[PDB]
Structures are given as C-alpha cells and as structure tokens.
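Visitor: First the structure, which I've put down as structure tokens, then a few questions once you've had a look.
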Amino acid sequence: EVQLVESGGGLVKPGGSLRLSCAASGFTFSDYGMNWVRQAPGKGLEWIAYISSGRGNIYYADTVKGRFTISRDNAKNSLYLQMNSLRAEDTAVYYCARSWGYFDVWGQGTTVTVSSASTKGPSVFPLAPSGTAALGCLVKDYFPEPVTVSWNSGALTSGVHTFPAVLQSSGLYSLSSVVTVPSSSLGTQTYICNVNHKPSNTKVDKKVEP
Amino acid sequence: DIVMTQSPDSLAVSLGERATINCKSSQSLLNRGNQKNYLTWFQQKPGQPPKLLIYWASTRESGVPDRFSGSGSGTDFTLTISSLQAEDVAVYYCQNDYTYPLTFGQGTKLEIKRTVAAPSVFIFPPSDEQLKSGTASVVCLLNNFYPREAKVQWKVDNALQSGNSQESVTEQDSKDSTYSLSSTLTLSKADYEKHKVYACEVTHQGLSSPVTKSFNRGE
C-alpha cells in the first residue's frame with residue numbers, strides 16, 4: 001500500500017530554522033517527482049517546492065526561495081525540507097505530495113508554528129447542565145494549536161459539538177466542547193471530557209456534574 | 001503566475017441536486033505537446049489532505065464516483081457534482097498543473113441546502129473554579145440550526161455588550177446538515193461580580209422574534 005508520512009513540525013521562533021522529513025513506501029520513490037505543499041490556518045493550498053526524479057530539477061514558490069531548500073535521499077525513500085529564516089506567515093500544515101503531472105499521493109501533514117510566544121497548557125473548566133439539557137468543557141488559554149477533545153474516552157459521540165479554536169486577544173487559544181443529552185440522562189450517565197494538548201504534554205479528564 | 005479564480009466562493013445545494021463550480025485561468029493551460037489541459041480538481045474536508053478528483057481537466061481519478069465530472073478547455077473549466085450527497089460537503093479547489101509555479105484557485109465551499117431550522121439556545125455561567133483564577137467566561141450555545149446566519153448579542157444588566165465576545169461555528173452536521181455555534185463573553189472576575197443579569201439574545205430566520213436565555217449571578 002502507498003504511504004507518505006511527514007514529520008518534524010513544531011513550534012519555532014521567528015528567524016529560526018527547522019527541517020521537515022517525508023518518508024515514502026509502497027511505490028518506487030526514485031521514479032517520481034516529489035513536492036511540498038502547505039496550508040496556513042483557514043487558508044487555501046500553496047505549492048512551495050518540487051524536485052524531479054531523474055534530473056532532480058528543483059522549483060520553488062517565490063515566497064520561500066532563498067529560505068527553504070528541498071532535497072531527497074532515494075536510499076532512504078525520503079524527502080526533506082530545510083526551512084531557514086522562518087516568519088510568522090510560514091505557520092501552516094506542510095504536506096508531502098507525489099506528482100506525475102498532478103498531485104496523486106498526499107501525506108497527512110506536519111504542523112509548523114512560527115511564533116515568539118511560549119508553550120502553555122490549557123485549563124479545563126466545566127460547563128454545567130442547568131427535555132434537552134446541554135453540558136460541556138471550556139478549554140482555555142493554550143498555545144500553540146492543537147487540542148483534541150473526546151467524551152467518555154471516545155464512547156460518547158452523538159450530540160457532541162467540539163468548536164474550532166478561537167485565538168484570543170492575549171495570543172492564547174480557547175475552545176469549548178459541548179454535548180446535548182436528554183435531561184433524564186443526567187442521573188444515569190457520567191460525563192467526562194478528555195482533553196489532550198500534545199505541544200505541552202497536558203492530559204486532563206474533567207468530570208462535568210450539575 | 002497563472003492566476004486561478006473560482007466562482008462562486010461558496011454554494012449551497014439541496015440533496016440530490018446538481019452543484020456547479022467554475023474555474024477560470026488567467027492563461028491557457030493547454031500543453032501543446034500532448035494536447036492535455038493541465039487543470040486539476042481536488043476535494044478537501046477539515047483535518048484531511050486534499051483528495052484528487054479529476055486531472056487533465058476531465059479524467060476522473062480511480063475510485064471517484066461518476067457523479068463527479070470535469071469539463072472545459074482554454075481558460076474556462078467546470079466541476080459538476082450531480083445527485084449531491086451529504087458526503088460531498090467540502091472545499092473544492094482547481095489547480096494549474098501546466099507550468100510552474102503550480103497555482104491553486106482560492107477554493108469553493110459547498111454545503112447542503114436544507115429547510116430552515118431554529119436553534120435551541122443554552123447559557124452557561126462561569127465555573128466557580130474559573131472565577132477563583134480571576135476570569136469569568138459566560139458561554140452561549142446555539143444548537144442545530146440552519147442556515148448559518150445568526151446574530152448573537154450579549155446584554156449585562158440589560159446593556160448591550162461590545163468587544164468582549166468571540167464566536168465559533170461547527171461544520172455542517174453529517175446527520176441533519178445543521179450548524180452549531182458558541183459565543184463566549186469574557187469578563188474579569190472583579191467585573192463579573194458587579195452585575196446581576198447575564199443574557200444571550202439570539203436572532204435567526206427560524207425564530208419569529210429574538211430568543212433570550214439569561215441567568216442571575218448567584219441564583
């Protein structure tokens with residue numbers, strides 16, 4: 001089976017550097033042109049770098065030329081992106097993509113955040129319920145993105161709404177996750193939101209009681 | 001650059017009906033040496049890489065249902081999605097594959113058009129745990145409404161609030177094609193404890209007049 005897997009993304013300060021990697025399997029890597037394509041939060045796709053198979057022709061988007069360099073190691077079925085002189089506008093999910101006149105294989109992406117702000121884990125607060133009731137968890141003041149939220153370790157999915165994170169004026173993110181339930185379920189069920197903030201290695205389970 | 005321009009920027013189409021997304025290039029995409037128009041269409045859902053739908057302007061990728069169809073030539077291209085299904089809600093992109101730099105259209109958001117549905121509204125006071133730390137977040141939840149347009153206003157002791165709230169909206173629900181929305185009012189703890197009535201006022205096409213949910217601090 002054909003697979004592409006990016007790694008190396010993380011938080012880095014403006015002016016800093018970072019190397020991304022992409023490992024490939026399930027096809028003859030050396031026979032294909034390979035690419036990096038990125039997507040800033042809430043924006044469209046932007047192709048940024050290419051390296052061909054035989055001649056290794058190299059093309060860059062002007063936005064990264066002179067700062068980013070693409071390379072490949074066919075013995076390791078690997079593609080690299082060396083990113084120097086990073087700017088806030090380089091914040092994005094970075095995808096590895098195979099091409100044959102069009103991008104036909106994509107990785108899941110690796111996320112790069114360029115900011116001077118420090119990593120901070122969230123505080124988790126209950127949204128307590130008052131024939132429909134609502135309850136939830138407020139996940140406040142974290143950096144950088146992302147946080148993930150599940151309910152009852154993934155067993156509760158129906159009626160859940162986990163909202164997109166919002167950037168506060170403080171430069172920290174916040175989001176809420178809610179669920180609607182029949183009001184009679186409040187006495188027969190336990191509600192626990194499981195919050196994970198990997199950039200800070202924070203894991204919290206908060207029980208939500210009326 | 002070859003500049004790629006999609007039309008419309010967003011589109012709402014009823015289940016089972018036909019969706020049409022247009023893409024115009026600022027220059028020809030026709031390869032004179034193999035006669036292919038190097039125009040490519042992608043579908044992208046949140047949290048996922050884009051999925052290849054059509055390449056060479058009209059060739060369907062393997063596994064793509066035949067209800068997806070690409071057409072056009074020169075500088076004018078069209079993606080058609082017949083018999084729209086809920087799984088087709090996504091952002092669609094066209095892309096120049098002809099010459100570098102490879103350029104994308106700005107994307108077109110396709111949603112399901114369904115009947116009007118008024119929200120259920122809920123209000124949450126801040127937790128005692130949060131209050132202790134110096135901050136008060138008041139949350140107003142709008143549940144399972146359509147269309148997305150809604151006005152949510154905060155009133156504190158009956159005075160309209162400005163500048164101290166932020167909203168977030170979910171993607172269309174897979175089962176009923178509705179949206180949900182949260183509005184969060186943020187005050188300091190000292191400020192929060194100076195007021196009594198906290199109200200969220202919701203205006204929406206599904207509601208005959210605005211709906212208010214409120215609580216009295218300490219009650």
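In the structure tokens, chains take letters A, B, ... by order of appearance, with residues numbered from 1 within each chain and ligands from 1 in the order shown.
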As a VMD selection string, please: all residues of segment 45-155 of chain B that backbone DSSP puts in helix (DSSP H, G or I).

Guide: chain B and resid 86 to 88 128 to 132

Visitor: What's around residue 106 of chain A at 7 Å? Count only C-alpha atoms, leave out sequence neighbours fewer than 5 positions away in its own chain, and write the answer as a list in words.

Guide: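 Here the qualifying residues turn out to be residues 4, 95, 96, 97 and 98 of chain A; 49 of chain B.
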
Visitor: Tell me the residues of chain A close to chain B, meaning within 8 Å using only C-alpha atoms, as a ChimeraX atom specification.

Guide: /A:44-47,59-61,95,101-104,106-109,125-129,134,161-166,176

Visitor: Counting only C-alpha atoms, which of B:198, B:72, B:135, B:78 gets nearest to residue 8 of chain B?

Guide: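 Nearest candidate to residue 8 of chain B out of B:198, B:72, B:135, B:78: B:78.
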
Visitor: Just how far from atom CA of residue 148 of chain B is atom CA of residue 9 of chain B, in Å to one decimal?

Guide: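 Taking atom CA of residue 9 of chain B and atom CA of residue 148 of chain B, their separation equals 15.5 Å.
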
Visitor: Just how far from atom CA of residue 189 of chain A is atom CA of residue 135 of chain A, in Å to one decimal?

Guide: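 Separating atom CA of residue 135 of chain A from atom CA of residue 189 of chain A is a distance of 12.4 Å.
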
Visitor: Determine, counting only C-alpha atoms, which protein, DNA and RNA residues have an atom within 9 Å of an atom of residue 113 of chain B; residues of the same chain fewer than 6 positions away are not included. Present the result as a PyMOL selection string.

Guide: chain B and resi 11-15+146-147+177

Visitor: Tell me which of A:143, A:32, A:151, A:191 sits closest to residue 170 of chain A, counting only C-alpha atoms.

Guide: A:143

Visitor: Would you compute the distance between atom CA of residue 142 of chain A and atom CA of residue 131 of chain B? Give it in Å to one decimal.

Guide: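 Going from atom CA of residue 142 of chain A over to atom CA of residue 131 of chain B, I get 17.8 Å.
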
Visitor: When you look at residue 153 of chain B with a cut-off of 9 Å (counting only C-alpha atoms), what residues show up, excluding the ones that are within fewer than 6 positions of it in the same chain? I need them as a list in words.

Guide: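 The residues satisfying every condition are residues 160, 161, 162, 165, 183, 199, 200, 201, 202 and 203 of chain B.
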
Visitor: Pull N, CA and C atoms from the residues just selected and write them as a short mmCIF file (atom, residue, chain, number, x, y, z; two decimals), in the first residue's frame.

Guide:
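As a result, again_14.cif now contains:
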data_model
loop_
_atom_site.label_atom_id
_atom_site.label_comp_id
_atom_site.auth_asym_id
_atom_site.auth_seq_id
_atom_site.Cartn_x
_atom_site.Cartn_y
_atom_site.Cartn_z
N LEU B 160 -26.26 46.47 26.16
CA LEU B 160 -25.62 45.74 25.07
C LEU B 160 -24.09 45.79 25.19
N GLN B 161 -23.44 44.63 25.03
CA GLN B 161 -22.00 44.49 25.15
C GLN B 161 -21.33 44.59 23.79
N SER B 162 -20.11 45.14 23.78
CA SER B 162 -19.32 45.23 22.56
C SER B 162 -17.87 44.91 22.87
N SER B 165 -16.68 39.57 23.30
CA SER B 165 -17.16 38.23 23.00
C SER B 165 -16.55 37.73 21.69
N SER B 183 -20.91 31.31 21.58
CA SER B 183 -20.46 32.68 21.78
C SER B 183 -20.00 32.78 23.21
N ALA B 199 -27.42 37.87 29.82
CA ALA B 199 -28.37 37.43 28.82
C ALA B 199 -27.70 37.28 27.46
N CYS B 200 -28.04 36.20 26.77
CA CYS B 200 -27.66 35.96 25.39
C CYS B 200 -28.92 36.09 24.55
N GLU B 201 -28.91 37.00 23.57
CA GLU B 201 -30.06 37.26 22.72
C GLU B 201 -29.78 36.78 21.29
N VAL B 202 -30.61 35.86 20.79
CA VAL B 202 -30.37 35.18 19.52
C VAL B 202 -31.42 35.58 18.49
N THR B 203 -30.96 36.06 17.33
CA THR B 203 -31.79 36.36 16.18
C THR B 203 -31.46 35.37 15.07
#

Visitor: Skipping near chain neighbours, those fewer than 5 positions away, what residues fall within 10 Å of residue 92 of chain A using only C-alpha atoms, listed as a count of residues only?

Guide: 16

Visitor: Please report, as a ChimeraX atom specification, each residue of segment 21-156 of chain B to which DSSP assigns strand (DSSP E) when run on this structure's backbone.

Guide: /B:21-25,39-44,51-55,59-60,68-73,76-81,90-96,103-104,108-113,120-124,135-145,151-156

Visitor: Between B:136, B:110, B:159, B:21, which residue has the minimum interatomic distance to residue 79 of chain B, considering only C-alpha atoms?

Guide: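 Nearest to residue 79 of chain B: B:21.
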
Visitor: Using only C-alpha atoms, which of the listed residues (A:168, A:190, A:174, A:17) sits closest to residue 208 of chain A?

Guide: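 Among the listed residues, A:190 lies closest to residue 208 of chain A.
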
Visitor: Got a sec: who's within 9 Å of residue 148 of chain A, counting only C-alpha atoms, leaving out chain neighbours fewer than 3 positions off, as a ChimeraX atom specification?

Guide: /A:162,194-198
